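One structure below.
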Amino acid sequence: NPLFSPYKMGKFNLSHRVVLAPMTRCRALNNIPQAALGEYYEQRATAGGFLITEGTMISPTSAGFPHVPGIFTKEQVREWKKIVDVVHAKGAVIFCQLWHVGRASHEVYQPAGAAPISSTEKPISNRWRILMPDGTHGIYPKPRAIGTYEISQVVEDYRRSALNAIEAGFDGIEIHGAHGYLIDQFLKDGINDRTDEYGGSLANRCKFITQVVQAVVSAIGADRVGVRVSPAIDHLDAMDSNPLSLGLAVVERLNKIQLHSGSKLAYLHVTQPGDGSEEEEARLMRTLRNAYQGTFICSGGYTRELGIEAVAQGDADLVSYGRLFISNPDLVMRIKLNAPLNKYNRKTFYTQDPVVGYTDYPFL
Ligand SMILES: NC(=O)[C@H]1C=CCN([C@@H]2O[C@H](COP(=O)(O)OP(=O)(O)OC[C@H]3O[C@@H](n4cnc5c(N)ncnc54)[C@H](O)[C@@H]3O)[C@@H](O)[C@H]2O)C1
Ligand SMILES: Cc1cc2nc3c(=O)[nH]c(=O)nc-3n(C[C@H](O)[C@H](O)[C@H](O)COP(=O)(O)O)c2cc1C
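Counted the way PDB author numbering counts, the sequence shown spans residues 10 to 285, 288 to 375.
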């Protein structure tokens, strides 16, 4: 099974290619990593396996979900260190995903109830609703379009968060540039209506992600930086008029960052709609992989068989699984044995209980 062949993700020697995709679970009460997260990640960690954490706040204004962890305070760093240590005790490699939601927020999630920030002043349309802390679904508000000095401040929040992740012991970080969140609000021409140097052309729309990646590369080293994008996921109004062209423009910028810094990123991670079309989606994924000079993680709707095929055919180096890892803590082992997989309960994806729907899914 080629999913169980080793792979060198730059400095990290992985024993297999099954990756834990980043998943927000909302157990990090008051944005502080909790003991329950340590139990959750330890259950899923394997010797030589790679894990990516749930999206993690880079600043007080970066959240749009309840009880998501941060890594912008030293208290958060101390609590993350305990979690990273239990994962490393199982021999796994773990990256912290750095996440800013941009306009996908609400006053309940912002300090002083201030407006969320974005590339644009337009709200997400009322086709979409935000999960509120009380479990109801609310209305996304009008965001504030930020100026270019404030863009450079957000880049610095990424840089400081990356340094804090290294202080907590993480092996690296992943830039969350997917799903209609802040970076994607700059990338996608269905959101970015700016008329300054961060809007309009492909080069201008790619400036923000290039600056974020370059800042974290300079701070922690390219080999400790992964980047996640989703050119053809339209979540939260995030559509582009030419998704492949946009994806190839992002890939070209990552290739140039690597050339200019003389080192390769840890990986490019591309995610696609995850609910079953097939040939077209596989061609987009392979085209982005073929354009990128480095390690490629594919994601979204992969099965055991599709993961094996992706690696065997050279279409990806690593395969990330999200939802199946919620309910199969030993998913790596189940994939190795071809053992039946257990269902997940969507109702407890984003609840706060430290056990129920979080660490109580059994092993084989
Ligand atoms: N937590 C996060 O940041 C989410 C970001 C994006 C993807 N999320 C989850 O990943 C998994 C794979 O997502 P997939 O690519 O399959 O698409 P969905 O986001 O599920 O979109 C399917 C349709 O569901 C409706 N829908 C999804 N989210 C919202 C929302 N927030 N408000 C209103 N409708 C919503 C829309 O019809 C979508 O086309 C799903 O469990 C999904 O809920 C997680
Ligand atoms: C509950 C839940 C939370 C998620 N949170 C994140 C997140 O924090 N960051 C991210 O990049 N993607 C997030 N995702 C998307 C997943 O990483 C994954 O790409 C998606 O579920 C599709 O892969 P799958 O078909 O293997 O589940 C989340 C998905 C779910 C279902």
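Ideal placement from N, C-alpha and C gives every residue a C-beta, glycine not left out.
Own chain residues within Cβ distance below 6 Å of residue i, not counting five before or after
i       : result
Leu-38  : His-76
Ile-155 : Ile-126
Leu-191 : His-109 and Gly-111
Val-164 : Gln-220, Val-221 and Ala-224
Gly-318 : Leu-12 and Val-330
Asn-135 : none
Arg-169 : none
Backbone secondary structure at residue i - three-state DSSP
i       : result
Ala-154 : strand
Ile-148 : coil
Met-141 : coil
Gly-230 : coil
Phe-217 : helix
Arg-237 : strand
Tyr-16  : strand
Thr-280 : strand
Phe-195 : helix
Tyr-167 : helix
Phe-307 : strand
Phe-374 : coil
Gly-122 : helix
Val-330 : strand
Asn-173 : helix
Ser-161 : helix
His-188 : coil
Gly-181 : strand
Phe-360 : coil
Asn-339 : coil
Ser-127 : strand
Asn-264 : helix
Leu-253 : helix
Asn-22  : strand
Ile-242 : coil
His-269 : helix
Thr-204 : coil
Neighbourhood of residue i by C-beta, 7 Å cutoff - its chain only, sequence neighbours within 5 removed
i       : result
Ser-270 : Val-226 and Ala-231
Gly-368 : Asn-356, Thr-359 and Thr-362
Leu-352 : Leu-335, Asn-339 and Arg-345
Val-117 : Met-141 and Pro-142
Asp-249 : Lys-197, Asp-198, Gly-199, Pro-240 and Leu-255
Residue environment, residue i, which counts as buried when at least 16 other CB atoms sit within 10 Å
i       : result
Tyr-332 : buried
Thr-65  : buried
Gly-100 : exposed
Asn-173 : buried
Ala-321 : buried
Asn-22  : exposed
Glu-291 : exposed
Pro-340 : buried
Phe-374 : exposed
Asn-40  : buried
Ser-114 : buried
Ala-123 : exposed
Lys-273 : buried
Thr-314 : exposed
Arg-34  : buried
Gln-162 : exposed
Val-366 : exposed
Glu-88  : buried
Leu-245 : buried
Distance between beta carbons of residue j and residue i, contact taken as under 8 Å
i       : j       : result
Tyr-303 : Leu-277 : 5 Å
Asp-202 : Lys-131 : 7 Å
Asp-193 : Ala-247 : 5 Å
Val-28  : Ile-308 : 6 Å
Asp-180 : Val-102 : 5 Å
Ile-242 : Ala-187 : 7 Å
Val-86  : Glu-176 : 5 Å
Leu-342 : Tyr-16  : No, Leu-342 and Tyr-16 are not in contact; Cβ-Cβ is about 17 Å, not under 8 Å.
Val-236 : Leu-263 : 6 Å
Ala-275 : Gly-19  : 6 Å
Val-96  : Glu-63  : That belief does not hold up - the Cβ atoms of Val-96 and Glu-63 are roughly 13 Å apart, past 8 Å.
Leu-46  : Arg-53  : Contact flag wrong, Cβ pair sits at about 11 Å.
Chain-order list of residues whose beta-carbon lies under 8 Å from that of residue i (same chain, five-residue window excluded)
i       : result
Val-260 : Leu-277, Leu-299, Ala-302 and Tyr-303
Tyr-207 : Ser-128, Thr-157, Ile-160, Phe-195, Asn-201, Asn-213, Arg-214, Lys-216 and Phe-217
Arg-138 : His-146, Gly-147, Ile-148 and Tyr-149
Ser-14  : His-25, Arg-26 and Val-322
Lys-354 : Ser-338
Distance cut-off 7 Å: residue i Cβ against heavy atoms of ligand 4
i       : result
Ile-308 : Judged by which ligands are present, ligand 4 is missing from the structure shown, whose ligands are ligand 1 and ligand 2.
Item to check | Whole alpha helix (DSSP H) elements within the stretch 28 to 111, 4-residue minimum | outcome: Listed in chain order, the alpha helix (DSSP H) elements of length 4 or more contained wholly in the stretch 28 to 111 are 44 to 53 and 83 to 98.
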